[PDB]
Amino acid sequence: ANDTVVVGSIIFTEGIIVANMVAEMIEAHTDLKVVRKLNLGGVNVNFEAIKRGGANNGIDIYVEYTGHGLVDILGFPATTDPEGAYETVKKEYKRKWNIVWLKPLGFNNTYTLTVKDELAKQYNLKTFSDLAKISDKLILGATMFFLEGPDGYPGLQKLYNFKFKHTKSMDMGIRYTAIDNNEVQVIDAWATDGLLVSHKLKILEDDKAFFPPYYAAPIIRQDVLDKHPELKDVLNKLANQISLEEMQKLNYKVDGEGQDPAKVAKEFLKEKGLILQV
């Protein structure tokens, strides 16, 4: 029959790596072939694409983050434990959209606010509240996702009364260079970022708990599951298979060592026994 499915990703290192892992698992364990589609746009493009579907210029599968789905359902930022976010998005996406959340990959790739270790020492910074008290001295460099999202800087700034001198919208790798060069003093480091542990940076504590959990999980259209039921068990072979530290190392293989993400994804799966060498 030569059935195919479309796995989507937006264009950032982690997104492409885990989208490739999903594609590799499908091709290794089923007779399906995978179209890998890269979407330009923000944190909602894949959601609209999966509502369209791989037959109608959209996608069938992608890896979403629980807290993003949660804040989208609620219409305002909230905090909850990982189970609260996951169970809520799973039930709501099943009822409202016939989209099935599969099991979490294992890591929480949350937004953070991060500063240079030297700045944190010179002002004894530990928490977001500490940082807010001096924010009028500082420049924030942040991803477009962070500066535009309701779960991003808008709500955070309201809750903590952040008063940064200004914000600079920056590509993902650019913001690490910018904080290194002191063009900015704070960035929205993401917890799994490959460059993070390699730049002498301090992740500050979200002491008022503004951010939701951001656990990555594959999600799939129900009608694709209906046509190809094996996909459920196949994709759940990834359940809890990627820790925060493992994801960081894969991201660094791409962003720091220059390996291509397809190779990084496939080699990780082979080394962990999740696919076999052909």
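Note that residue numbering begins at 1 and tracks the sequence as displayed.
Novice: Do the CA atoms of 192-200 or those of 135-143 have the higher mean B-factor in the entry?
Specialist: Comparing 192-200 with 135-143, the higher mean C-alpha B-factor belongs to 192-200.
Novice: State which stretch shows the higher mean Cα B factor in the entry: 236-244 or 43-51.
Specialist: The stretch with the larger mean CA B-factor is 43-51.
Novice: Going by the CA temperature factor in the entry, name the top one among 102, 85, 120, 184.
Specialist: By C-alpha B-factor in the record, 120 ranks first.
Novice: Comparing residue 257 with the other modelled residues of its chain, is its CA B-factor in the lowest, middle or highest third?
Specialist: Ranked within chain, residue 257 CA B lands in the highest tercile.
Novice: Consider only the C-alpha atoms of the modelled residues in this chain, order them by B-factor as the entry records it, and name the third containing residue 34: lowest, middle or highest.
Specialist: As the PDB entry reports it, the C-alpha B-factor of residue 34 lands in the middle third of its chain.
Novice: What third of the chain, by the recorded C-alpha B-factor, contains residue 223?
Specialist: Highest third.
Novice: In terms of the chain's CA B-factor thirds, is residue 109 lowest, middle or highest?
Specialist: Answer is lowest: the recorded C-alpha B-factor places it there.
Novice: Taking only the Cα B-factors deposited for this chain, tell me whether residue 63 sits in the lowest, middle or highest third.
Specialist: According to the entry, residue 63 has a C-alpha B-factor in the chain's lowest third.
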